[PDB]
>>> print(open('target17.tsv').read())   # TSV, C-alpha atoms
chain	number	residue	atom	x	y	z
P	123	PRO	CA	7.00	56.09	-49.50
P	124	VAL	CA	5.91	56.68	-45.90
P	125	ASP	CA	5.99	53.13	-44.56
P	126	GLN	CA	9.02	51.86	-42.65
P	127	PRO	CA	9.45	48.72	-40.52
P	128	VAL	CA	10.02	48.91	-36.77
P	129	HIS	CA	11.49	46.31	-34.39
P	130	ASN	CA	10.78	45.88	-30.69
P	131	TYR	CA	13.47	45.26	-28.08
P	132	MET	CA	12.07	44.20	-24.71
P	133	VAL	CA	14.12	42.34	-22.10
P	134	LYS	CA	13.00	40.16	-19.21
P	135	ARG	CA	14.39	39.90	-15.69
P	136	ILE	CA	15.43	36.46	-14.46
P	137	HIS	CA	14.16	36.66	-10.82
P	138	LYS	CA	15.22	34.17	-8.12
P	139	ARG	CA	13.49	31.51	-6.01
P	140	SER	CA	14.66	28.59	-3.89
P	141	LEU	CA	13.24	25.56	-2.09
P	142	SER	CA	14.24	24.37	1.38
P	143	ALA	CA	13.16	21.51	3.63
P	144	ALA	CA	14.14	19.86	6.91
P	145	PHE	CA	15.24	16.28	7.56
P	146	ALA	CA	16.02	14.73	10.95
P	147	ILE	CA	18.23	11.71	11.69
P	148	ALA	CA	18.30	10.03	15.11
P	149	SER	CA	21.31	9.11	17.24
P	150	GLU	CA	20.52	5.40	16.99
P	151	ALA	CA	19.99	5.99	13.27
P	152	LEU	CA	23.43	7.57	12.84
P	153	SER	CA	25.03	4.91	15.06
P	154	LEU	CA	23.72	1.97	13.03
P	155	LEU	CA	24.26	4.13	9.94
P	156	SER	CA	28.01	4.39	10.53
P	157	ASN	CA	28.60	0.63	10.50
P	158	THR	CA	26.74	0.16	7.20
P	159	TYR	CA	29.34	2.34	5.48
P	160	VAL	CA	31.84	-0.41	6.38
P	161	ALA	CA	29.27	-3.19	5.89
P	162	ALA	CA	30.89	-6.62	6.05
P	163	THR	CA	30.22	-10.02	7.61
P	164	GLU	CA	29.68	-7.98	10.78
P	165	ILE	CA	26.85	-5.39	11.17
P	166	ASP	CA	23.61	-7.41	10.97
P	167	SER	CA	21.93	-7.24	7.58
P	168	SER	CA	18.34	-7.34	8.88
P	169	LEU	CA	18.72	-4.26	11.09
P	170	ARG	CA	20.87	-2.62	8.40
P	171	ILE	CA	18.18	-2.96	5.74
K	123	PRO	CA	13.60	25.34	11.03
K	124	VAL	CA	10.13	24.67	12.47
K	125	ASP	CA	9.14	21.85	10.13
K	126	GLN	CA	9.06	18.30	11.47
K	127	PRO	CA	7.31	15.23	10.05
K	128	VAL	CA	4.70	13.26	11.97
K	129	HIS	CA	3.49	9.67	11.47
K	130	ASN	CA	0.08	8.27	12.35
K	131	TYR	CA	-0.49	4.86	13.96
K	132	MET	CA	-4.11	3.70	13.89
K	133	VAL	CA	-5.04	0.05	14.45
K	134	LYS	CA	-8.18	-1.86	13.52
K	135	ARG	CA	-10.31	-4.34	15.46
K	136	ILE	CA	-10.74	-7.68	13.67
K	137	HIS	CA	-14.36	-8.29	14.83
K	138	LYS	CA	-16.04	-11.71	14.52
K	139	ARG	CA	-19.02	-13.13	12.61
K	140	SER	CA	-20.20	-16.52	11.37
K	141	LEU	CA	-22.98	-18.10	9.31
K	142	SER	CA	-25.21	-21.07	10.12
K	143	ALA	CA	-27.92	-23.05	8.34
K	144	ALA	CA	-30.04	-26.16	8.81
K	145	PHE	CA	-30.20	-29.22	6.57
K	146	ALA	CA	-32.42	-32.24	7.23
K	147	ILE	CA	-32.09	-35.89	6.17
K	148	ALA	CA	-34.93	-38.41	6.38
K	149	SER	CA	-34.65	-41.89	7.90
K	150	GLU	CA	-35.25	-43.58	4.54
K	151	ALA	CA	-32.76	-41.17	2.97
K	152	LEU	CA	-29.93	-41.88	5.43
K	153	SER	CA	-30.73	-45.61	5.45
K	154	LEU	CA	-30.29	-45.64	1.69
K	155	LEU	CA	-27.14	-43.50	2.06
K	156	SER	CA	-25.68	-46.25	4.25
K	157	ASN	CA	-26.00	-48.87	1.50
K	158	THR	CA	-24.49	-46.54	-1.11
K	159	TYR	CA	-21.27	-46.49	0.94
K	160	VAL	CA	-20.88	-50.16	-0.08
K	161	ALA	CA	-22.21	-49.62	-3.61
K	162	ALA	CA	-21.70	-52.79	-5.62
K	163	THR	CA	-23.69	-55.06	-7.93
K	164	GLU	CA	-26.32	-54.79	-5.18
K	165	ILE	CA	-28.07	-51.47	-4.27
K	166	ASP	CA	-29.93	-50.48	-7.45
K	167	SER	CA	-28.36	-47.76	-9.57
K	168	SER	CA	-31.54	-45.89	-10.54
K	169	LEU	CA	-32.70	-45.39	-6.95
K	170	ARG	CA	-29.09	-44.66	-5.91
K	171	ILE	CA	-28.74	-41.87	-8.47
>>> encode(input="target17.tsv", output="structure tokens")
Amino acid sequence: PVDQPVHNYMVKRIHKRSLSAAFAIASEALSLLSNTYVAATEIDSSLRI
Amino acid sequence: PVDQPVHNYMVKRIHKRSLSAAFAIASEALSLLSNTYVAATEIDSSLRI
């Protein structure tokens, strides 16, 4: 009668990372971009696509 | 904010080759070829083939 069980209690930290990137849009790109949000019979489909 | 993409634009030259060969026809050969253009009951089939 000398044996007893033992339990371990370790805990782990969560830590913290992130991921970032850049993305550029031109003035002509935003200009022809804005009309495709209201795409209709106007705003030419070839340049839009 | 120092990351920007870059695109590469290389173009290829089409170049130009050809291939040539010789091929001879005898006088008897072409003279018999002329009669086979009007192949009929005349111009014998064994010599024609």
>>> closest_atom_pairs(input="target17.tsv", of="chain P", to="chain K", cutoff="12 Å", atoms="only C-alpha atoms", output="tab-separated table")
residue	atom	partner	partner_atom	distance
P:142	CA	K:123	CA	9.7
P:143	CA	K:125	CA	7.7
P:144	CA	K:125	CA	6.3
P:145	CA	K:126	CA	7.6
P:146	CA	K:126	CA	7.8
P:147	CA	K:126	CA	11.3
>>> calpha_fit_rmsd(input="target17.tsv", fixed="chain K", moving="chain P")
0.3 Å
>>> atom_distance(input="target17.tsv", atom1="atom CA of residue K:168", atom2="atom CA of residue K:155")
13.6 Å
>>> residues_around(input="target17.tsv", residues="residue K:169", least_positions_apart="3", cutoff="10 Å", atoms="only C-alpha atoms", output="CSV table (one decimal) with C-alpha atoms, in the coordinates of the input")
chain,number,residue,atom,x,y,z
K,154,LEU,CA,-30.3,-45.6,1.7
K,165,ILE,CA,-28.1,-51.5,-4.3
K,166,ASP,CA,-29.9,-50.5,-7.4
>>> atom_distance(input="target17.tsv", atom1="atom CA of residue P:148", atom2="atom CA of residue P:167")
19.2 Å
>>> atom_distance(input="target17.tsv", atom1="atom CA of residue P:150", atom2="atom CA of residue P:164")
17.4 Å
>>> closest_residue(input="target17.tsv", among="K:170, K:139, K:134, K:129", to="residue K:153", atoms="all atoms listed in the file")
K:170
>>> decode(input="target17.tsv", residues="stretch 123-169 of chain K", atoms="N, CA and C atoms", output="PDB file, in the first residue's frame")
ATOM      1  N   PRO K 123       4.158  49.199 -45.276  1.00  0.00           N
ATOM      2  CA  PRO K 123       3.689  49.710 -46.572  1.00  0.00           C
ATOM      3  C   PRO K 123       4.821  49.989 -47.547  1.00  0.00           C
ATOM      4  N   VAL K 124       5.614  48.967 -47.864  1.00  0.00           N
ATOM      5  CA  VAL K 124       6.724  49.106 -48.801  1.00  0.00           C
ATOM      6  C   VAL K 124       6.602  48.035 -49.872  1.00  0.00           C
ATOM      7  N   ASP K 125       5.525  47.258 -49.816  1.00  0.00           N
ATOM      8  CA  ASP K 125       5.340  46.154 -50.745  1.00  0.00           C
ATOM      9  C   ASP K 125       4.484  46.584 -51.928  1.00  0.00           C
ATOM     10  N   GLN K 126       5.036  46.430 -53.133  1.00  0.00           N
ATOM     11  CA  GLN K 126       4.289  46.662 -54.358  1.00  0.00           C
ATOM     12  C   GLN K 126       4.543  45.507 -55.318  1.00  0.00           C
ATOM     13  N   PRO K 127       3.538  45.110 -56.094  1.00  0.00           N
ATOM     14  CA  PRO K 127       3.756  44.070 -57.101  1.00  0.00           C
ATOM     15  C   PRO K 127       4.451  44.633 -58.329  1.00  0.00           C
ATOM     16  N   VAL K 128       5.039  43.727 -59.107  1.00  0.00           N
ATOM     17  CA  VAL K 128       5.690  44.077 -60.364  1.00  0.00           C
ATOM     18  C   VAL K 128       5.376  42.983 -61.380  1.00  0.00           C
ATOM     19  N   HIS K 129       5.152  43.379 -62.630  1.00  0.00           N
ATOM     20  CA  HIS K 129       4.835  42.456 -63.710  1.00  0.00           C
ATOM     21  C   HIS K 129       5.930  42.518 -64.762  1.00  0.00           C
ATOM     22  N   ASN K 130       6.229  41.372 -65.360  1.00  0.00           N
ATOM     23  CA  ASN K 130       7.272  41.272 -66.366  1.00  0.00           C
ATOM     24  C   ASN K 130       6.662  41.127 -67.756  1.00  0.00           C
ATOM     25  N   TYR K 131       7.290  41.786 -68.730  1.00  0.00           N
ATOM     26  CA  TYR K 131       6.792  41.792 -70.107  1.00  0.00           C
ATOM     27  C   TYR K 131       7.964  41.470 -71.031  1.00  0.00           C
ATOM     28  N   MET K 132       8.193  40.184 -71.271  1.00  0.00           N
ATOM     29  CA  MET K 132       9.143  39.740 -72.281  1.00  0.00           C
ATOM     30  C   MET K 132       8.389  39.313 -73.531  1.00  0.00           C
ATOM     31  N   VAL K 133       9.026  39.495 -74.681  1.00  0.00           N
ATOM     32  CA  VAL K 133       8.446  39.154 -75.971  1.00  0.00           C
ATOM     33  C   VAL K 133       9.448  38.316 -76.749  1.00  0.00           C
ATOM     34  N   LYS K 134       8.935  37.470 -77.635  1.00  0.00           N
ATOM     35  CA  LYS K 134       9.746  36.483 -78.330  1.00  0.00           C
ATOM     36  C   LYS K 134       9.762  36.761 -79.827  1.00  0.00           C
ATOM     37  N   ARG K 135      10.914  36.523 -80.448  1.00  0.00           N
ATOM     38  CA  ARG K 135      11.056  36.661 -81.887  1.00  0.00           C
ATOM     39  C   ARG K 135      10.614  35.367 -82.570  1.00  0.00           C
ATOM     40  N   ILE K 136       9.881  35.505 -83.673  1.00  0.00           N
ATOM     41  CA  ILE K 136       9.202  34.374 -84.299  1.00  0.00           C
ATOM     42  C   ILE K 136      10.185  33.485 -85.056  1.00  0.00           C
ATOM     43  N   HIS K 137      11.279  34.077 -85.560  1.00  0.00           N
ATOM     44  CA  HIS K 137      12.282  33.454 -86.432  1.00  0.00           C
ATOM     45  C   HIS K 137      11.659  32.893 -87.715  1.00  0.00           C
ATOM     46  N   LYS K 138      12.467  32.279 -88.579  1.00  0.00           N
ATOM     47  CA  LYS K 138      11.949  31.783 -89.851  1.00  0.00           C
ATOM     48  C   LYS K 138      12.846  30.710 -90.451  1.00  0.00           C
ATOM     49  N   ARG K 139      12.280  29.536 -90.720  1.00  0.00           N
ATOM     50  CA  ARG K 139      12.974  28.442 -91.383  1.00  0.00           C
ATOM     51  C   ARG K 139      12.127  27.950 -92.549  1.00  0.00           C
ATOM     52  N   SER K 140      12.643  26.940 -93.242  1.00  0.00           N
ATOM     53  CA  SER K 140      11.901  26.237 -94.278  1.00  0.00           C
ATOM     54  C   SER K 140      12.533  24.864 -94.452  1.00  0.00           C
ATOM     55  N   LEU K 141      12.035  24.111 -95.430  1.00  0.00           N
ATOM     56  CA  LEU K 141      12.634  22.835 -95.816  1.00  0.00           C
ATOM     57  C   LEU K 141      12.428  22.649 -97.310  1.00  0.00           C
ATOM     58  N   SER K 142      13.437  22.113 -97.991  1.00  0.00           N
ATOM     59  CA  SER K 142      13.380  21.919 -99.430  1.00  0.00           C
ATOM     60  C   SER K 142      13.983  20.574 -99.807  1.00  0.00           C
ATOM     61  N   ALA K 143      13.488  20.008-100.905  1.00  0.00           N
ATOM     62  CA  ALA K 143      13.974  18.730-101.401  1.00  0.00           C
ATOM     63  C   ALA K 143      13.759  18.658-102.906  1.00  0.00           C
ATOM     64  N   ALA K 144      14.502  17.761-103.546  1.00  0.00           N
ATOM     65  CA  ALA K 144      14.442  17.557-104.984  1.00  0.00           C
ATOM     66  C   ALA K 144      13.715  16.258-105.304  1.00  0.00           C
ATOM     67  N   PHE K 145      13.120  16.214-106.492  1.00  0.00           N
ATOM     68  CA  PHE K 145      12.321  15.064-106.905  1.00  0.00           C
ATOM     69  C   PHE K 145      12.265  15.082-108.426  1.00  0.00           C
ATOM     70  N   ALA K 146      12.795  14.037-109.060  1.00  0.00           N
ATOM     71  CA  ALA K 146      12.984  14.020-110.504  1.00  0.00           C
ATOM     72  C   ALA K 146      12.004  13.072-111.185  1.00  0.00           C
ATOM     73  N   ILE K 147      11.565  13.457-112.384  1.00  0.00           N
ATOM     74  CA  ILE K 147      10.645  12.672-113.199  1.00  0.00           C
ATOM     75  C   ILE K 147      11.260  12.515-114.584  1.00  0.00           C
ATOM     76  N   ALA K 148      11.278  11.286-115.094  1.00  0.00           N
ATOM     77  CA  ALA K 148      11.856  11.020-116.402  1.00  0.00           C
ATOM     78  C   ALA K 148      10.886  11.405-117.517  1.00  0.00           C
ATOM     79  N   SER K 149      11.429  11.499-118.736  1.00  0.00           N
ATOM     80  CA  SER K 149      10.626  11.872-119.899  1.00  0.00           C
ATOM     81  C   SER K 149       9.588  10.806-120.219  1.00  0.00           C
ATOM     82  N   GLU K 150      10.003   9.536-120.194  1.00  0.00           N
ATOM     83  CA  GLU K 150       9.060   8.434-120.363  1.00  0.00           C
ATOM     84  C   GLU K 150       8.028   8.425-119.248  1.00  0.00           C
ATOM     85  N   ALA K 151       8.470   8.710-118.019  1.00  0.00           N
ATOM     86  CA  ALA K 151       7.563   8.740-116.878  1.00  0.00           C
ATOM     87  C   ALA K 151       6.483   9.796-117.054  1.00  0.00           C
ATOM     88  N   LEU K 152       6.876  11.044-117.334  1.00  0.00           N
ATOM     89  CA  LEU K 152       5.898  12.123-117.470  1.00  0.00           C
ATOM     90  C   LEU K 152       5.035  11.943-118.714  1.00  0.00           C
ATOM     91  N   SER K 153       5.614  11.391-119.785  1.00  0.00           N
ATOM     92  CA  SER K 153       4.844  11.124-120.995  1.00  0.00           C
ATOM     93  C   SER K 153       3.766  10.082-120.731  1.00  0.00           C
ATOM     94  N   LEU K 154       4.074   9.090-119.895  1.00  0.00           N
ATOM     95  CA  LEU K 154       3.044   8.132-119.519  1.00  0.00           C
ATOM     96  C   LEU K 154       2.061   8.738-118.523  1.00  0.00           C
ATOM     97  N   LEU K 155       2.525   9.676-117.690  1.00  0.00           N
ATOM     98  CA  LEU K 155       1.636  10.369-116.759  1.00  0.00           C
ATOM     99  C   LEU K 155       0.592  11.188-117.506  1.00  0.00           C
ATOM    100  N   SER K 156       0.969  11.719-118.673  1.00  0.00           N
ATOM    101  CA  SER K 156       0.034  12.504-119.475  1.00  0.00           C
ATOM    102  C   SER K 156      -1.132  11.662-119.981  1.00  0.00           C
ATOM    103  N   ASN K 157      -0.875  10.411-120.371  1.00  0.00           N
ATOM    104  CA  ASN K 157      -1.948   9.566-120.884  1.00  0.00           C
ATOM    105  C   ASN K 157      -2.844   9.062-119.759  1.00  0.00           C
ATOM    106  N   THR K 158      -2.300   8.949-118.546  1.00  0.00           N
ATOM    107  CA  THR K 158      -3.095   8.482-117.414  1.00  0.00           C
ATOM    108  C   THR K 158      -4.072   9.544-116.922  1.00  0.00           C
ATOM    109  N   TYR K 159      -3.885  10.803-117.330  1.00  0.00           N
ATOM    110  CA  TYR K 159      -4.886  11.830-117.062  1.00  0.00           C
ATOM    111  C   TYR K 159      -6.179  11.575-117.822  1.00  0.00           C
ATOM    112  N   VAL K 160      -6.101  10.875-118.952  1.00  0.00           N
ATOM    113  CA  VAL K 160      -7.255  10.550-119.778  1.00  0.00           C
ATOM    114  C   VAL K 160      -7.436   9.039-119.770  1.00  0.00           C
ATOM    115  N   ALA K 161      -7.197   8.421-118.608  1.00  0.00           N
ATOM    116  CA  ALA K 161      -7.282   6.971-118.457  1.00  0.00           C
ATOM    117  C   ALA K 161      -8.671   6.453-118.810  1.00  0.00           C
ATOM    118  N   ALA K 162      -8.699   5.459-119.689  1.00  0.00           N
ATOM    119  CA  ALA K 162      -9.911   4.987-120.344  1.00  0.00           C
ATOM    120  C   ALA K 162      -9.722   3.505-120.647  1.00  0.00           C
ATOM    121  N   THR K 163     -10.484   2.994-121.618  1.00  0.00           N
ATOM    122  CA  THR K 163     -10.226   1.654-122.140  1.00  0.00           C
ATOM    123  C   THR K 163      -8.831   1.555-122.756  1.00  0.00           C
ATOM    124  N   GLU K 164      -8.320   2.656-123.306  1.00  0.00           N
ATOM    125  CA  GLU K 164      -6.933   2.729-123.747  1.00  0.00           C
ATOM    126  C   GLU K 164      -6.040   2.992-122.533  1.00  0.00           C
ATOM    127  N   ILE K 165      -4.720   3.057-122.763  1.00  0.00           N
ATOM    128  CA  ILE K 165      -3.670   3.189-121.746  1.00  0.00           C
ATOM    129  C   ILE K 165      -3.729   2.013-120.775  1.00  0.00           C
ATOM    130  N   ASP K 166      -2.854   1.028-120.988  1.00  0.00           N
ATOM    131  CA  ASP K 166      -2.931  -0.278-120.342  1.00  0.00           C
ATOM    132  C   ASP K 166      -2.782  -0.199-118.826  1.00  0.00           C
ATOM    133  N   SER K 167      -3.608  -0.988-118.132  1.00  0.00           N
ATOM    134  CA  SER K 167      -3.759  -0.849-116.688  1.00  0.00           C
ATOM    135  C   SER K 167      -2.527  -1.337-115.939  1.00  0.00           C
ATOM    136  N   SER K 168      -1.873  -2.392-116.435  1.00  0.00           N
ATOM    137  CA  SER K 168      -0.714  -2.945-115.736  1.00  0.00           C
ATOM    138  C   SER K 168       0.457  -1.968-115.741  1.00  0.00           C
ATOM    139  N   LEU K 169       0.758  -1.390-116.904  1.00  0.00           N
ATOM    140  CA  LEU K 169       1.809  -0.381-116.971  1.00  0.00           C
ATOM    141  C   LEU K 169       1.404   0.901-116.247  1.00  0.00           C
TER     142      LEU K 169
END
